[PDB]
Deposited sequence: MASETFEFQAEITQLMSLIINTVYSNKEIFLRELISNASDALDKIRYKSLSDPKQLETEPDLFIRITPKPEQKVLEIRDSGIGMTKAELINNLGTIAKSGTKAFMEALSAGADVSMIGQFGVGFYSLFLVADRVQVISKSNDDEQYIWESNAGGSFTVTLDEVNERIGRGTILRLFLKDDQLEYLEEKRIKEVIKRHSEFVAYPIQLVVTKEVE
């Protein structure tokens, strides 16, 4: 399609570079962050569906799903949440207080606190050097947001990915040194830690050779 290129907010780019380059160790935190946004995005659709039940028909199942793809060194975190339009993709992930968090870090804050600054999405750059956010809102076509921690991101109408009913997929392209997060044991372990009080089911997609 006709990919559109956009510029990142000065701060957001800073945060990303800070993270993608950090020598931090507890990198497994990205998972609780992403699952956190996933769960939030799932709340918003279930809330909206209270007055507008027909909103749940595009995908009557509320779930969070992690799918490892070893060949492509990719880890997808999917949720059947409310999804984002072309514009929402552009605002949410490239506009909207990331400055406060960076200040906290410069004071000695815990990277794992990023979530309390409402910017945990960018924690994905701890384990991935490239991300593809594929989203589908009831109010728009399926789109593909894409960033590489660089200063600019792209937005392209989705015509290459599976049709998700309604929701969002974070297609993380893991770094070579972080390929451990493709393994069922490693993934299962991390999720069973910081993710205990989630209302929605968390499905893990495994490929078992018969």
Unmodelled intervals of the deposited chain, in order: 97-99, 214
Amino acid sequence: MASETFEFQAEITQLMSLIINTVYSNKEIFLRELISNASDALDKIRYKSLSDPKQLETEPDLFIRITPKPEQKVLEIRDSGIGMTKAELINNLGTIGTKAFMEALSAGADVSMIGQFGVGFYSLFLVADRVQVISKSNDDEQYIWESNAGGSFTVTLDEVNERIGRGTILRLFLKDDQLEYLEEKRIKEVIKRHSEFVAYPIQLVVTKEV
From here on, numbers count along this sequence of modelled residues.
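So that the term is clear: the rigid core is the largest set of C-alpha atoms that superpose within 1.5 Å between two forms.
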Comparing 97-105 and 71-79 where Cα RMS over structures and residues is taken in 8 other deposited structures of this protein (core fit), larger one: 97-105
Greater Cα displacement in 8 other deposited structures of this protein once the core is superposed, comparing 181-189 with 152-160: 181-189
Given 54-62 and 30-38, the range whose Cα B-factors average higher in the PDB entry: 54-62
Selected stretch [higher average CA B-factor]: 99-107 or 85-93: 99-107
Among 154, 49, 168, 142 - the residue whose C-alpha B-factor is largest in the record: 49
Third of the chain, ranked by Cα B-factor, where residue 183 sits: middle
Lowest, middle or highest third - CA B-factor, residue 135: lowest
Third of the chain's Cα B-factor distribution that residue 113 belongs to, per the entry: highest
Relative C-alpha B-factor of residue 206, binned into the chain's lowest, middle or highest third: middle
Lowest, middle or highest third - CA B-factor, residue 162: lowest
